[PDB]
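Chains as they are written, first to last, in UniProt numbering: chain A, 1 to 258; chain B, 150 to 151, 184 to 240; chain C, 2 to 40, 47 to 174; chain D, 63 to 232.
All C-beta atoms in this analysis are idealised placements derived from N, C-alpha and C, irrespective of residue type, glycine included.
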RNA sequence: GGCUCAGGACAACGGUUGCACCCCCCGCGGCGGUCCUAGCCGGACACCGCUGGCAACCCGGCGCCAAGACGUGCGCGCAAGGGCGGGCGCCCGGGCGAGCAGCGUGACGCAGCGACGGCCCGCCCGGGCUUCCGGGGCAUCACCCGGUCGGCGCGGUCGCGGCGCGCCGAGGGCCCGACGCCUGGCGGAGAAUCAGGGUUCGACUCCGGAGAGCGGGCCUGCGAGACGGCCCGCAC
Ligand SMILES: [Mg+2]
Ligand SMILES: [Mg+2]
Ligand SMILES: [Mg+2]
Ligand SMILES: [Mg+2]
Ligand SMILES: [Mg+2]
Ligand SMILES: [Mg+2]
Ligand SMILES: [Mg+2]
Ligand SMILES: [Mg+2]
């Protein structure tokens, strides 16, 4: 048993969806604690070197970050291993590139370019309501954020809209049947659909039944269901409408692209 | 107690920037406390149709 | 050192298991405080550095504590005279060792100074006009460094009186 | 009137229970404050009980009982959480405990057949239940109550003494 | 981080639960009210100068001087713990499947922060234990256990618990193979072989566990019973 926490991470043990080459090396970046966890995040360096290709090595990323050339939720970050998660805001004013981090159908991270009208807020999921010191109510979110004195109408599992400049709630979408959702966990990551039914088993998980826009139906547990508006998404989403094609169609598309 | 010229640098001496720093810190602390107080008062004004339980300020 | 790890015990069938690692620091214990009633010498409390930087204070000698009368809602600080009953062992009583659950005798001065002039439980008044009152210890000396408690009343008081009467 | 009768039985018990001098210490229920028994009127509840939930029901015996058991799930200070299982009684010689036998099946792939296995599981039996051998019990998981005990009984169906033992998975 | 597989056979380990019996550095987000010279407090040590011991290793004595070091400390009441505060067959908000958190109030005690302001809370990684199922061979080993099985009470522990102690009772396991002995016994993901069903192996790449000559003990620290940390016995 290791006498303390773990500071390394073998490349072969890294999450599958990060898409890291087997021969790249023995080691891989180790994300640091922050807004999101290890298995629900991705480091900055991977976005800035293996995707956008603005850097070729660790050193270039170090210089770019320490020069303060990237903003996260309106705040410059200088850690190459800082974790980037879901429904976050990515801005690079030098090239005027604004992205919101969402999930693709295949179950991997993607950058959705956006406008200036909606980059001042983010959507977050509320999953804990509790009493703090002196008995003052609080709440928490999927990005490790705490807000004091919320409205009583807000309950757990809901979704909250908050300005980037100020962490003040603007509007909240309830968790109810007939609302569009985005799956964010397991075999169905990235699929968009509307709720149809809710079944609860005492002392265990709660299962949600949704129907895609084209009629496909699927299930998952309530711990990975995210609300994105009332019958219509509040934010801009990737080109495809959360439709997971079959193997035949993907093979056809690959053949066309080749 | 009351070529290059070498003399020790002084310590514990108060210069203006320290006075300004202390005054600013006091002002920020007072502002923070006032903001929390008014937020709590507004919240208590709200909740006119429910219940509350908080630590009363003694003294 | 002292430990409470289960590797050194037997199985439900009474068989020997066998040791597969050396001793570990999570599974350690410490020598008992053995809090003594005072009856150089004075209130002596020490401190212990526990896991995670926490601080645990155990008392070695003390003489005062806070006591309550629930029925009359009266609470003051008093002196403990001696211990007179303890279920676990009689040796502790002879040595006047303080632990949770011990039945002690307190002085009546702080209570009689305001009582004997209001209708209340008869037995408590009888104790008050005397020099001592039966009480109990509710805290855990050796873990919080204090000895608090409450005054007896009702069936349990009868139980303890019947127990210690012949002596 | 029903309330007045109940208190006397409860109030009376705490008396001779005190005269039972054999006991080392006065056994009491932590939640209640001793002193209410001196109130001549029925102005305060003398006994404490809770609801287990999960669709189960508090037996009348606990509510109208007079016993003390810190480990009981209804009148004590322990909670039921985790897995709920079923089994039959194997032994009941212990003071407030039993041994429950559980039957299951194991599959061997090579021979494409099954084997019958059994296990022994210990549980705490509250004074609110009367159980003999061969009865069917429902046990709920709780925190460690002893070296080999992590379960407490919440229900028990009755059975007849004469009944050929039958392998009964549950 | 790296090396190895000695030890250990209801253990480790693999899948599946729980903490309403737990602790947790960095980082992220919040919060920030402190009982009874404040244009800024006090004294030291290091290096260093003089003076010296001894083969080596090692250090001594005197001496002015620095702190985001040490000590005290200005300030709107606040740590830990403790007493009282719900129901009348069951069910039909802060939160729960689940009377759990918080608060008020009667008494104790002044813990932490503060000479360039952080005690505190939530999340995260990690750790500890714990439910269920699987988990080598010999019957020329058939009966075994005696803190062993349960109950009550205290102590100690981050914490539940025969974990330890006092008292009481007797109990628990077994041909669905206990107990004992042996193993040139680390486990799994996997490897070799080849109609199908299977047999044998699994030091070693990744995960987990254990150790640093044998056996024990301990300080610092959030975190080690650590050995490129210290102390003892034994063999070199
Ligand atoms: Mg003060
Ligand atoms: Mg200081
Ligand atoms: Mg070996
Ligand atoms: Mg390894
Ligand atoms: Mg080691
Ligand atoms: Mg060592
Ligand atoms: Mg070495
Ligand atoms: Mg080392």
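{"Check": "Three-pair Cβ contact test at 8 Å for the stretch 153-164 of chain D versus the stretch 184-193 of chain D", "Outcome": "yes"}
{"Check": "Cβ pair residue 160 (chain C), residue 91 (chain D) closer than 8 Å", "Outcome": "no"}
{"Check": "Endpoints, alpha helix (DSSP H) assigned at residue 71 (chain D)", "Outcome": "64-81"}
{"Check": "As assigned by DSSP and simplified to three states, the class of residue 114 (chain C)", "Outcome": "strand"}
{"Check": "Partners in chain A for residue 116 (chain D), counting only beta-carbon separations shorter than 8 Å", "Outcome": "202 and 203"}
{"Check": "Three-state secondary structure assigned by DSSP to residue 21 (chain C)", "Outcome": "coil"}
{"Check": "Backbone CA spacing between residue 115 (chain D) and residue 220 (chain A) [nearest angstrom]", "Outcome": "26 Å"}
{"Check": "Three-pair Cβ contact test at 8 Å for the stretch 145-164 of chain C versus the stretch 60-80 of chain C", "Outcome": "yes"}
{"Check": "Alpha carbon of residue 128 (chain A) to alpha carbon of residue 202 (chain D), nearest angstrom", "Outcome": "27 Å"}
{"Check": "6 Å Cβ shell around residue 172 (chain A) - same chain, five flanking residues per side excluded", "Outcome": "154, 158 and 160"}
{"Check": "Where the stretch 127-144 of chain A meets chain B: residues whose CB sits under 7 Å from a CB there", "Outcome": "134, 135 and 136"}
{"Check": "8 Å Cβ cutoff met for residue 36 (chain C) and residue 104 (chain C)", "Outcome": "yes"}
{"Check": "Extent of the continuous alpha helix (DSSP H) run through residue 130 (chain A)", "Outcome": "Per DSSP, residue 130 (chain A) belongs to no alpha helix (DSSP H); it is in the beta strand (DSSP E), 121-131."}
{"Check": "Option nearest residue 184 (chain A) by Cα separation, candidates A:178, A:192 and A:177", "Outcome": "A:192"}
{"Check": "Coil, strand or helix - residue 251 (chain A) by DSSP", "Outcome": "helix"}
{"Check": "Beta carbon proximity, residue 90 (chain D) to chain C, threshold 8 Å", "Outcome": "yes"}
{"Check": "Beta-carbon gap between residue 70 (chain C) and residue 81 (chain C) smaller than 8 Å", "Outcome": "no"}
{"Check": "Extent of the continuous alpha helix (DSSP H) run through residue 166 (chain C)", "Outcome": "162-171"}
{"Check": "Pairwise C-alpha distance: residue 17 (chain C) and residue 24 (chain C)", "Outcome": "18 Å"}
{"Check": "N- and C-terminal bounds of the alpha helix (DSSP H) containing residue 66 (chain A)", "Outcome": "58-66"}
{"Check": "Interface residues of chain C facing residue 97 (chain D) [CB-CB closer than 8 Å]", "Outcome": "77, 78, 160 and 161"}
{"Check": "Segment contact flag, the stretch 191-208 of chain A with the stretch 46-54 of chain A, C-beta cutoff 8 Å, min 3 pairs", "Outcome": "no"}
{"Check": "Beta carbon of residue 260 (chain A) nearer than 8 Å to that of residue 87 (chain A)", "Outcome": "Because residue 260 (chain A) is not part of the residues shown, which for chain A are 1 to 258, the question remains open."}
{"Check": "Contact set between residue 165 (chain C) and chain D, taken where Cβ atoms lie within less than 7 Å", "Outcome": "80"}
{"Check": "Contact with chain A by residue 234 (chain B), beta-carbon distance below 8 Å", "Outcome": "yes"}
{"Check": "Outcome for residue 200 (chain B) when other beta-carbon atoms lying within 10 angstroms are tallied against a minimum of 16", "Outcome": "exposed"}
{"Check": "Residue 139 (chain C), DSSP secondary structure in three states", "Outcome": "strand"}
{"Check": "Closer than 8 Å to chain C by CB, residue 72 (chain D)", "Outcome": "no"}
{"Check": "Beta-carbon separation (whole angstroms), residue 77 (chain D) vs residue 162 (chain C), contact threshold 8 Å", "Outcome": "6 Å"}
{"Check": "Residue 219 (chain B) at chain A interface by Cβ criterion, 8 Å", "Outcome": "no"}
{"Check": "Contact set between the stretch 83-101 of chain C and chain D, restricted to residues whose Cβ is under 7 Å from the partner", "Outcome": "94"}
{"Check": "6 Å Cβ shell around residue 199 (chain A) - same chain, five flanking residues per side excluded", "Outcome": "207"}
{"Check": "Closer than 8 Å to chain A by CB, residue 224 (chain B)", "Outcome": "yes"}
{"Check": "Spatial distance of residue 107 (chain C) from residue 5 (chain A) (CA atoms)", "Outcome": "39 Å"}
{"Check": "Beta-carbon separation (whole angstroms), residue 158 (chain C) vs residue 172 (chain C), contact threshold 8 Å", "Outcome": "The pair is not a contact, with the Cβ atoms about 19 Å apart (cut-off 8 Å)."}
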